[PDB]
Every structure is written in structure tokens, then in C-alpha cells.
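Asks: Need the 3D shape of this:
(4 chains)
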Amino acid sequence: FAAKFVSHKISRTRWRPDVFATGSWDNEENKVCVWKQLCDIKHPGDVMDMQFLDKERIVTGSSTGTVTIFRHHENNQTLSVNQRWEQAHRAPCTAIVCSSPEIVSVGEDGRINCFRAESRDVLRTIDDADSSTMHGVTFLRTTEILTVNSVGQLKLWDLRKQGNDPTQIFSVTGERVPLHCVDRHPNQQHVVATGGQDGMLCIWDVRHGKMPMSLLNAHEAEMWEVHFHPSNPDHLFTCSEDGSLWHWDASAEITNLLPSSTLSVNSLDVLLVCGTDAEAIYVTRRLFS
Amino acid sequence: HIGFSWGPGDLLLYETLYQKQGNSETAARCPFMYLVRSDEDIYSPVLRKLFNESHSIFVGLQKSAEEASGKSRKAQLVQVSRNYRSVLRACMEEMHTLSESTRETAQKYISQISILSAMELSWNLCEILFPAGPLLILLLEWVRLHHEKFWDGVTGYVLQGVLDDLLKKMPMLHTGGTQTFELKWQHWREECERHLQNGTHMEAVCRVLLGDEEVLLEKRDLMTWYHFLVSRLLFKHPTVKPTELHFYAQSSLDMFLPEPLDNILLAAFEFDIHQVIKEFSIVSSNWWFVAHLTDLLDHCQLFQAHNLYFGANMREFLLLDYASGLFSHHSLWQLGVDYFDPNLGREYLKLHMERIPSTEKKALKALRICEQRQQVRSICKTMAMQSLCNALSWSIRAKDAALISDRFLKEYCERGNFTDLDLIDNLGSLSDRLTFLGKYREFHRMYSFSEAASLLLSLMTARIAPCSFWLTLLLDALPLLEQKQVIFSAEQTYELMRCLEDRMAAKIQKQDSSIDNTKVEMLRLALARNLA
Amino acid sequence: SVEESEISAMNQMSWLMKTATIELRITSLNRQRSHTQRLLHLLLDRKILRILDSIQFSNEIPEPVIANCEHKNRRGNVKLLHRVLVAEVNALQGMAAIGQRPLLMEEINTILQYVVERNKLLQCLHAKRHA
Amino acid sequence: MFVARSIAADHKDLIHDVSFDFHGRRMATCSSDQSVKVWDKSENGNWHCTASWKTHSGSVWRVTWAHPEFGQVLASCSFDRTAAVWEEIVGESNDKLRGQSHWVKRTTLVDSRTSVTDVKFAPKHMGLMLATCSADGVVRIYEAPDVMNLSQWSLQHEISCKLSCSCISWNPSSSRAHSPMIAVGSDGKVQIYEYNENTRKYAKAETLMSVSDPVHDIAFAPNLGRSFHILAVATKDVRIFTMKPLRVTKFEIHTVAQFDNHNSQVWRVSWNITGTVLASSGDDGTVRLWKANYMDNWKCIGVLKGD
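Replies: Numbers count the residues shown, from 1 in each chain, chains lettered A, B, ... in the order given. The coordinates are given below.
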């Protein structure tokens, strides 16, 4: 575990499409670097959506509903300014996921606006005015979607058919937390689990009823993020909003086993980092040990 | 003429000058606006790394000592302090390494590295403070850290850990002194001196090998006094107890040989620490780092000192100074609050953050502050208000914290405006709540008696301006039901009519009459039920 | 003592204990025969101490803005702290009316009643230790 | 990239007052051209004006911003004998964009029979409350008794002063900790004011003595973490007064310091957000920043100049 602290309260970083990049809020120049560092780029506008759409291509949605795209030709170290959009949500998207031919996005006010590949024309839009902050977003069976508002409100919706209604709705008995964590299985495109604010372990069976298959509180503060193994579904580890990843050993344990005791964490992709509530500075580099 | 106004961010203040609009055919000539703020003290990209590193070090210092105290008294504390000093030295080394970073053509680093070195000297002083033989060893270590030139190089490295034959003999004689019993060394030096006298560039080297000990002073004169002192600790006697003579040598040798830095070093040798603090103030940096050092000194203040108790007060002042220094970097503000641990600085900088306001991030920061709190309620309410001003989610959060009445008024207006209108609050399990319950009852009635009853109870608790539409809906429900048990409602209906009359007195008419007629029918039905 | 130790009772017991020692010292200075037999027979019938131990255990078991209330107790104020708390609660409700006024009033009655009951409970412990 | 440079106000006539919002991101200006300008500090660091409009018929002396909990409200003050309240308006259709912002009048205060020198919002804890002082020499306090009705401004109180110069400055102390009081500096003897228990009237607790020349400006300092209160006056000398309540009467003043290094009129006195720093400006064209010593004496930290 190497923690190359580089003095930026980092908002995001992800595994290479060793290889990696990073992105950060909380500065004048909106901060994002590649990699021991490749392409440390400045831009105006935050980082809400983040997906390196090729080894060159790289897209990013920003705070004002903005969506910036560029192409990291690491060979010439040049970024082709791929795509721009002014007002998506002007809030940011409050999660980001991927869909086939389009980003499975959602925002706080809920402007589900579908930029797609070469769809500089934003054609499709479920412009349902989501009242609470919709921060839960995924493709389930694309375009099966589910907007989850900040009442944790996991309403299953659609985008492939038309009409702005949602297709279904998942919810806990109380509606206590706001949206921070969910869990679409790599084991199955139907299996999910609601990671919530008490160190809250909830499990959402789509195909087998829809009850709270779990309710288990282990971590301190609100739902941070996790890192699943990108081919080992069972192995993961869970944090809370200070950042403290407990080694939630569902491969087999959970303990005080992070390089912990810090502030918050940035963003999730591991094959390695996660993301807590305050999005702060941390690093790691040995993610199979 | 000067007009000065404080802005809501500390690094953004404005000064303007008023002049006459026209005077002597000449319009105003002072339209310049001066942006007065924090300016020089915090700056730079790499600066950020160094500042960030310093903040991290401060956080570590806060983290360790308190935990150790929780552990309670141990020597561990004596060693724990030494470890922190070592960490500080490592940080200084890292800073020195960073200077390496600057690249051609042209660079700044000597100020960066020279500034860093002063910090290193302080660490050395702290180590010395952390017996005479041990002090001498520390001095030797400091010296190590610090033709004829070739001979000096040969010696300098050693001290920090026929002619040729004569030189070797002189070296052997020098060795026979370090080994010994200090009394044996005293006699060993004398014999070497006698040999030198008997002997009366190679010859000079041989004399140097004899040592004992005159030349070192000459070398210092040619130079530095600190180096001479290090040499003395290393090869003469490795006890460092009396610094009057050494002080004179540095003072006189230095004179024979930046001046402000030398003065600061002299003040440090005096032992300060007030003088050292004054020197730091004169330098003006590092400010926060200096405050941290003062705090460390206060923590150390072990040895039964009344001045130290005053010293403790000075340390307490330093934290306040650091808080004053902090301006707008959120992590830094959190660190400052931790250092403070009261609620003064708390709510103060809280609202400074309010100024600052990314809204979601600010909300997250507020949540973190609330978690830390585990005054506070007022701050939470203020944050809620700010978020509401910045929409529906924020309003819901404010309601949860408790505006609610206003929300009820809005929701009730929305549910009147559109029949097919959908409300999130209604779906989820005061007067506004009663109205929501009534709406739910209406929805139940639409779905197709418990709902209708709940809607009427909601009406009896409270009333609504369209209210007439709600009454019509109730009448429709009665028609669906047939209004068997309303009996009270007909009596209730009359009261509502009286209220309407009162409203008219205070302030579609034909349509309104028709509704009353429809209501009368329900009352008649109730009467029939009573007869039955 | 088996279930409760009153303030006045802990003070009374202490006074009695104080009275016993002086008498013992007086007996010690000069010697009386009836007095020695009474003291020796009395020392032959620890049981009282054992009985008191159970009471102490019971007391320990009993001992076994919330933060503001805790601070007010440490400082000790029912007449001063209690009223302060009531007023503060009123001011805390000041911002929000609450969903039900009657329910809120009931809660207020319930919280202030319980508060003072608990404080008096805490207050005893000091008398039980002193006894 | 960021630069601080001189910027044109865009006012034809002379600028009387500049004020920052709560955040310090926005600035309001007023001038004798009868227009109020609001500046936005862009995230790209250049001040750009948000809007400018013709507020009054006569020159606008003073301006102020209310607490951001109430909303975006600016109050203005003129020689036309009126004070106006304005509320910023932005409209967006329950769709992206569609929001338009323009200056609007919430209300007018006609009650002042003469030209008004100053207007100041009270502290946020009090509610929407403001004071104003005029050539009639009558301090008036207006409240909005309903927060919802920003047009509903009642006249809370009227008190008499003297005649000529004027400035007002509320105690910014948060209430729960402290009582409301306000300093008025006209012309020359100036007497402040406090608030009574349930008389609900302002009383003259004390006066600030030793004032020299006309009273150009006065400000009360934020009392954050200090029991005592501080007020500074820019006369044609700078003074700092320390108020302490202690416990009929319950007030004391001390004079902390006097400073003449301006050698001339001190037109503006301003405080820091914390109350840590004082500033003063004057006819020397110099702006001085002040710190408190450990002794509670003031020292000049440094001087900015301009020409």
C-alpha cells in the first residue's frame, strides 16, 4: 500500500481502461490528472460523470449540467476536445453509470438526459422533475433503469419505451437515508443490494420478491462506496463517510483493515480506490495483496 | 479619501475612494477599485504541497500526543516526542528534495531550502533539549549533519564518523586521545605537541595530525564558528557543557569571516524561546508552522516551569493566531477546529464557510460538522435555509430538521391545481400534515369509506381556500356511499355554510348555490336514515 | 440498607458511627470490666458490614440537549438547572411548532418529570457514599 | 487565471457606498447617479456587474444587504427621503434554464420627512429589522413582522437625535448571548442607544466621548469569543472604544486607542468578519489595517496606498 499524497482533496480516480488517472474538485482549475504521471489536465467545471471512453476517449459530466468530453491520445499526450453540453441537469448528475450505447446517468433534480455515442444531439430525455436528489443510477437490463431519489427512493424506471413514468419501485419500510449506495451484481444483472447510511447493509432481490433481504448496520457514518473485485464478485470491503473501509470479506471478515484513519475517498474502480461522502485525499497501489 | 468595506470572504475586501463628481470643470479621477485581502502569505502550486504536508504533520501531531496521554504517563512520552521531531526532520528533508523540482532556465530554491534549514536547526535544538556527554554527542551529530582543503576534507569526514609517515604518526597520536579516560587524552595531546615542537605543505599536514588543538580555530577564522564547535565536540572532549567560550568564538570567528539568520541562531543558542518567537515574527514565516512549534513546546513544557505555564498561555495564543491565519480551505478549517478542541471559532468559521459557498459538497461538509458535534442546532437550521435558497430536496431536509407550514401551503395548492397531480410527501408514510391526510383520503375515495372519513376529519381539523372543491368531493363520496351516517355532516355542513357567509361578510355565485343545494340533499338523506 | 439509602439516613448513620469511635477511645484510655465483656461479647455476636455490602451493591446498580443536562448535573439544578432546561426546551421548540401540540406538551411533561426524578436519584449516591 | 485590477463602477456621478453580501462574493454600489449596481464575482476572477437600475429620484447615499436566510434583499437610502427594499428575482421554468433576474421594489419607506444619510439591516437573529437616520435626526426602526410578506414593513420605533451628519451601526452580536444596541454618530457630541427589557423602547445607555471633528463613519465590531464589545469611529482621527456591561445602570466605556497617522479626515472605518482586523482610510489616500495587541492596544499591521 503506497499512498502518494499529492496535495489535492481528490474527488475521483479509477483503474486503467498500475494504469490509471484521477480527478478532483475543490480548486480553481478543476483538477484531473492521468497517472509517475501522464496527463495532468486542467479544466473549468467539475467532475460528476467520469468514464474513459477509450484509451483516448474520455468523458466527464460537470457541475452545471455540463458534460465535457475529450480524447487522451497518450501517445502525443494530447486530448481531442470531444464533446460539450451546457445544461444537463443546473445541478450535476448525482451518480454515473454506463448503458449500452449511452451513459446510464441520473441527476439530483432528475433530468435523465441521454447523451449517447455520437449523439451530440441529446435526443432522449425523461425530464421527470425528481424532487429529492436522485443519486441512485444504473443500467439493470438496458434500458432498464431505476431512479433512486434522496429518500433512497429506488423507483425502477424505463428508457427504452416512452413515457416518463417509472416501471417499478423498491423501497425500505421507513425511507430514512438519502441516496448513496446500491449494488448491481456482476453475478447477475438482476441482483442488487442497497448500501445505506448506517453502514447499512440492505439487499434487493428483484426476481425473488422485493423485501429487505438485508438490514445490517456495521460502519459508522453514511454510505461511502465499496470496491468489488472486477472478477471476484464475493470479495469486497465497505466503508462509511469518514472513509474507513472495513474488509467486508464476503468472499469467504470485516475489521479495521484499511489504510484508514483519514478523511474521505474519491471514486471506485478496481482491478484501485473508492469514494466516500466528502471526497478527500488518499491513495493505494497494491490491490491484490 | 478612503472608504474600506469588508467582504464576506477574508481574501476578498474592497477599498474605494470618493471624490467630487465635478469640480472646476473636471470630472472625478479616482475610479480605481482596490481589492484588499490576504495577499502574499499563502501562495503557489507546490506551495500547496508544502502547506498540505504541514497540515498533515500538524494533524499527525494532534493525533499521536492525545492518544498517548489517553495511554497515560510513560517514558514512551519522552520517546514519542523524539519520534515527532524525527518526522519533522523527514518532512524538512522532503521539502529540500522538492526544491530539486525547479528546472531551467532559472529557478527558485535557495530561499525555499534555506527557509527549510532554519526549521531543521530548531529541530536540532529540540533534540538538544530532550547528560553532558550526551549533549556533546548531539553536537557531534549536528556537526556531521552540517592540499590544505584536501586535508580538511579528510578530517571533516572523520569528525562526523618520511613526511607521510610523520602525518600517520600524528594521526595515531590523535587517535590515542579520543580513546583516552579524558585524563589520558590530556597527556596524549601534550606529547603530540611536544613532538610537533621537536619537528619544528606536508609539514603543515603533519602539524594538523598532531592537532592538540590550535589550528581548528585558525580554520574557523579562515571560514565558521559552528563548524569549529562541531570539530571541538568531535575530536577534543565530547562534552558540550559551557558555551560562553564557544559563543565568543562563533561571535568573533563569525565576525572575522544572512546576518539576520545568524542573529536568530544566536537567539536560539541563548535558548529563547520568546526571542526566537520574535525573530520568527520578524521573518513573518512560517506563521502556522511556528504556531505548531509553539504548541509542541507547550506540550513538552515538562520541567516544572512557571514561565512554561505562562509558556502554556503563549502556546494557547498561537493556536488562536493559526485560526486567524486560516481563511477558506475547507480541510484546513477542519484541522483548525481540531486544534482548537471553542464553539466560537466553530460557528464563526462555519458561517465563514457559509459565505464561501459545489452546493452538494458544502452540504456534505455541514453533515460532517454535525457528525463532529455529535448553537449547533442553529447552525444546522442556517445551513438548511441556505440549501433551500439555493430545491424540493432541500425543502424536505429543512422539514426533517424542523417553513414546513409554507411547504404544506405549496403542496395543498399543487394538489388543488391538478387533479392528476402527484405528491412525493403524500405517498410517504400539523395543519399541512392534516391536509396531506385529507388528500390521501381523497385518493382512496378515487380508488374506491375509511378514506372519506379521514378526509372529513382532516377538514374538521382545518380548512382550505378552494375548500369548496373538497366539499364537492365529499358530497360525491356521500353520493357513492349514500350518506347514511353523515347526520353530523349535515349539521357540519351548516357550520361550513355559516363560515362561508362570514367570509363573504369579511370580503360563479350561482354555481356556489348549487353546491349548497346538493349538500342539502345529503342532509335530507341523513334525516331519512334517522327516520328509518 | 437493602433497597434504598436516604440522604438523611446516610447522615444519621455517619453521626452514629462518629459517636461510636469516641466512646471506644474513652474505654481504651482507662479500663472497665462490664464494659470489656460487653465489647468482647459484642465483637463475637462483620455481619453488619456484609449487610451494608448488599446495599452498596444495590446503590451501584442504581447508579449504573442531553450533553447540556449532563453538564448542569455535574455543576450541581432543578430550581436553577431544571427551569433553565424547561426554558431552553421551549426555545428549541420555538423554531418549529411540531406536528402535534398536545403530544409535544405531553412529551415536555414527561421529559421534565423524568429529568428531575433522575437528578434526585443521582443526588442520593452522594449521601450513600458519605454514610 | 485570476487577476485583481482596477474596474470601472459604471457610475456617472460619485460613488457614496460599497457593500459586500454575506458570502463576500457579491458587491452592491450606490451613487449620486441614482442607480444601484450589483457585482458578481465570477468563479473566473473578475468582478462583472449583475445589474444596474435607477433606484431613486435623488442621490443614493447608503445601501446594505440583509441576512441570506431572508433572501436576496438590498436596502437603499436616498436624498429623496425614501428608503427602498429590493428583492432579487430569478425565474426558471420547471425545466433547465428559463430563469430571469431583475431588480424589484418590495416596498418604499416614505416616513422620513428629510434626506436620509444611512440605512442598516439589524442582525439576523432579530429578524428583518433595519434602522435609518436622516436630516430630521429621527432614527427609525422598521421590522418585517411576517418574514413571508417582504412588503409588510411596519415602523417599530422612532427616537430623536440632533441635527447634521449621521451614521448607524448595529451590534452584530448574536442574540441569546447578548442584547441589541446601536451606535449613532452625528456631527459635536454623539450618543448611542440600547434596548430596554419590555418597555420595548430604545434608551440612551451611554455616549462615546472625546470625538473630534465631524463623525464620518462608525462601525461596531463582531464580538466573536470576546465578552466586551468594540466600536471604532472614523472621525478626522481614528478611535476605538471598548464597551463592557456589568451588573440601575449597566454600561461602561473605555477608549482603547486614538490614531492620527492619517493626518487628515478618516472617511471609512471597517471591521473584519471575525472582528480581528480593523481598517481605516482617509485623505492621505492610505488604508491602514489594524491588529489588537496582547495588551488590547491596537497596532497598525500595514498600510496600503493609492493615487
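Asks: CA only for contacts and neighbour counts going forward, please
Replies: Fine.
Asks: Neighbours of residue D:29, how many?
Replies: Summarising burial for residue D:29: neighbours were counted as other Cα atoms under 10 Å in any protein chain shown, giving 24.
Asks: who's in contact with the helix or strand hosting it?
Replies: Counting by DSSP states H and E, the secondary-structure element that holds residue D:29 is strand D:26-31. Applying Cα atoms under 8 Å, 6 or more residues apart in numbering or on different chains, the external contacts of strand D:26-31 come out as D:9, D:11, D:13-21, D:36-41, D:59-64.
Asks: how far away is whichever residue of the stretch 151-289 of chain A sits closest to chain D from residue A:130?
Replies: Sorted by distance to chain D under Cα to the nearest Cα, the residues of the stretch 151-289 of chain A start with residue A:164, at 14.4 Å. The span separating residue A:164 from residue A:130 equals 11 Å under the rule Cα to Cα, to the nearest Å.
Asks: In terms of neighbours, single out the busier of these two.
Replies: With other Cα under 10 Å as the criterion, residue A:164 and residue A:130 differ in neighbour count, and residue A:130 comes out ahead with 21 against 15.
Asks: For residue A:103, give me its contacts.
Replies: A:96-97, A:114-116.
Asks: hmm, I was thinking of residue D:301
Replies: Taking Cα under 8 Å, 6+ apart as the contact definition, residue D:301 lies against D:288-291.
Asks: In a helix, it, correct?
Replies: No - remark: residue D:301 does not belong to a helix; assigned using DSSP: H, G, I helix; E, B strand; the rest coil, it is strand.
Asks: Relative to chain A, how far out is it?
Replies: Distance, residue D:301 to chain A, by Cα to the nearest Cα, to the nearest Å: 29 Å.
Asks: Contact partners for the residue of chain C found nearest chain B?
Replies: Closest to chain B within chain C is residue C:99: 4.1 Å, counting by Cα to the nearest Cα. Residue C:99 sits next to B:430-431, B:433 when contact means Cα under 8 Å, 6+ apart.
Asks: How about residue D:231?
Replies: Counting by Cα under 8 Å, 6+ apart, the residues that residue D:231 touches are D:218-221, D:240-243.
Asks: Where does it fall, secondary structure wise?
Replies: When elements are assigned from DSSP H and E, residue D:231 belongs to strand D:229-234.
Asks: And residue B:191, by the same measure?
Replies: Secondary structure assigned from DSSP H and E places residue B:191 in helix B:182-199.
Asks: Leaving out the residues flanking it, which one is nearest to residue A:266?
Replies: Closest residue in space to residue A:266, ignoring its immediate chain neighbours: residue A:275 at 3.9 Å, by Cα to Cα, 6 or more residues apart in numbering or on different chains.
Asks: now do residue B:160
Replies: In space, residue B:160 comes closest to residue B:144 once its chain neighbours are excluded; the distance is 4.1 Å by Cα to Cα, 6+ apart.
Asks: Around chain B, pick out the residues from chain A.
Replies: Selection of chain A residues close to chain B by Cα under 8 Å from any Cα of the partner chain yields A:6-7, A:63, A:131-133, A:150, A:174, A:277-278.
Asks: For chain B, state which of the residues you listed is nearest.
Replies: Ranking the residues of chain A next to chain B by separation from chain B, with Cα to the nearest Cα as the measure, puts residue A:132 on top at 4.1 Å.
Asks: Tell me who's in contact with that closest one.
Replies: With contact set as Cα under 8 Å, 6+ apart, residue A:132 has these partners: A:108-109, A:149-151, B:392-394, B:396.
Asks: change it to 10 Å
Replies: A:107-110, A:148-153, A:178-179, B:391-397, B:424 (Cα atoms under 10 Å, 6 or more residues apart in numbering or on different chains).
Asks: do the same with residue B:228
Replies: For residue B:228, the set of contacting residues under the criterion of Cα under 10 Å, 6+ apart consists of B:143, B:216-221, B:234, B:246, B:249-250, B:253.
Asks: Dump the C-alpha coordinates for the helix or strand harbouring it into PDB.
Replies: Residue B:228 belongs to helix B:225-235 when assigned by DSSP H and E. Taking Å, rounded to 0.1, in the frame of the first residue of the first chain, the C-alpha atoms of helix B:225-235 are listed here in PDB:
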ATOM      1  CA  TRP B 225      32.200  29.100  14.400                       C
ATOM      2  CA  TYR B 226      29.500  26.400  14.400                       C
ATOM      3  CA  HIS B 227      31.800  24.200  12.400                       C
ATOM      4  CA  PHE B 228      34.600  24.800  14.800                       C
ATOM      5  CA  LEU B 229      32.400  23.900  17.700                       C
ATOM      6  CA  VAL B 230      31.400  20.700  15.900                       C
ATOM      7  CA  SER B 231      35.100  19.900  15.500                       C
ATOM      8  CA  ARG B 232      35.700  20.500  19.200                       C
ATOM      9  CA  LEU B 233      32.800  18.200  20.200                       C
ATOM     10  CA  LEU B 234      34.200  15.500  17.800                       C
ATOM     11  CA  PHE B 235      38.000  15.400  18.500                       C
END
